[PDB]
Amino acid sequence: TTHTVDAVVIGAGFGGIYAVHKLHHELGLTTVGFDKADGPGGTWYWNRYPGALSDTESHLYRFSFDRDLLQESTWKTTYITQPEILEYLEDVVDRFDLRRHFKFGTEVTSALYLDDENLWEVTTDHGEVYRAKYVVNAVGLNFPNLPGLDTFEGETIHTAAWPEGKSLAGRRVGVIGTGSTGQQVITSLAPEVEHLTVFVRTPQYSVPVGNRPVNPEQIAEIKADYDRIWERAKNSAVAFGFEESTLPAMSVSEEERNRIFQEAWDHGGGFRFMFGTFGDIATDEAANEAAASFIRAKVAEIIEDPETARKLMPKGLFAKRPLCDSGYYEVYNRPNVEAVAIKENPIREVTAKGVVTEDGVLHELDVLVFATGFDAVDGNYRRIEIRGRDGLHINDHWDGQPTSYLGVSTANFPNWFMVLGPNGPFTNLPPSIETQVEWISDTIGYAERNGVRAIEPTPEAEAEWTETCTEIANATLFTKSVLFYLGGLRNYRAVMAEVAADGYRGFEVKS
């Protein structure tokens, strides 16, 4: 059974929800949405592990496009939890009636271009087939081979498939992984579990998030100033709601530096620490080191036991998405929390009763939690039968690193777009999702008005875009993995407006 539509939107997180709203309400296109999830919410649908929390502040982790909605939504704390965000995204879907454009619990399994007809032939896992003029892919994004893993008699849980309402209260838990998800899950588990063992491979740099109850209504004061808030964020590099400093770290005294660091520490927020204090933490070695040493002193001060402190001490460049936490380091002071540094004491095997390390101790567990991420990020592209012009498979097109033109498109796949594809901005992401979806929507409307049959980037333009992302990246310390565009949102937005205004420079446009 075969349906013919104007647009397919794959995914129902922030990106897919807005794409469907744009393509249907603005453009008047027959548009169908899909998601494996049973509901909208995307990453916030799947991720229900304890202590799930935004690193963007509450008032800015949301859409900006609707003024009334912005005046309507509420929240409890300065930062927003998974249940609050998910119910927000459910409210967005209800607000604009997008529910009836979505097929939930429905996986897209093939998207094939039809060269002679100029259409995409897209099929689900219930064998329905959609013939579409445009595809918008807002698809978003790992089990450590551990010997004897399935010998384990307790529960094994990955962070990304946390069984609904499962509590670990009163259990013996092991946590493997100390990324953003690891730290949250660890801070949240420490108070409730009978015992907790963390297996840390790379300890990370992390600052206080400063997640505070919000004042009766000084939600009101932000709501009264929302147009300015969003205009500023749109006109900044990372759109996290503070002035991004230009002040070189090493051009003030030791005591001013410490003072400025301390005030960011106490206010909290990860990007604020990296980009709100000074302007060169990411591009100058001594500045980076200075921010690095500050955090390490914090760690040395907070963790009382010298040996525990040592295992948790972050080292090297403070040059990965700045982490922020709700008392992560302090957790290691509790008598039922234990850290194992697996670089120096590797995991030997898992057995019925728990994890055995190379020192030959059995860490008896009831539950093993993997906060170990997913294998790949481009996997929602690589796992689908996606074929563009001349039957060229996406995996063969991206025979190396995945590429894009402008973060939203790629050679050989006409009328096929990406929300947060490779080589795109690195930012508080909803305002970048909006930028991309707005532009993709503008583009699709343009094609409709102008009897365009196919639009796709040139290999030159795409390759020039990669060179552009690689130049900007090489100026930063984040080099020394995937290539973001690191010019910031303002720059990115100008790049996008310019391309559209200059009549889609870099794109081949068949009519």
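All residue numbers refer to positions in the sequence shown, first residue = 1.
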Notebook entry, point to check: Taking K480 and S481 as adjacent modelled residues, how many residues of the deposited sequence between them have no coordinates (none, 1 to 3, 4 to 9, 10 or more)?
Noted result: 10 or more
Note to self: Please classify the unmodelled stretch of the deposited sequence between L141 and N142: none, 1 to 3, 4 to 9, or 10 or more residues.
What the structure shows: 4 to 9
Checklist line | Mean temperature factor over C-alpha atoms, higher-scoring stretch between 287-295 and 395-403 | finding: 395-403
Check: When the C-alpha temperature factors are averaged for each of 370-378 and 429-437, which stretch ends up with the higher value in the entry?
Finding: 370-378
Margin query: Just to confirm, going by the entry's C-alpha B-factors, which of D94, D280, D325, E244 comes out highest?
Written below: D94
Item checked: Residue of maximum C-alpha B factor among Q184, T106, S206, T78, per deposited coordinates -> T106
Note to self: Going by the CA temperature factor in the PDB record, which third of the chain does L146 belong to: lowest, middle or highest?
What the structure shows: highest
Next item on the list: Relative to the other modelled residues of the same chain, rank the CA B-factor of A475 and answer lowest, middle or highest third.
Entry: highest
Notebook entry, point to check: Mind checking which third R449 falls in for C-alpha B-factor across the chain?
Noted result: middle
Notebook entry, point to check: Against its chain's modelled residues, does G388's Cα B factor rank lowest, middle or highest third?
Noted result: highest
Item checked: Lowest, middle or highest third - CA B-factor, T30 -> highest
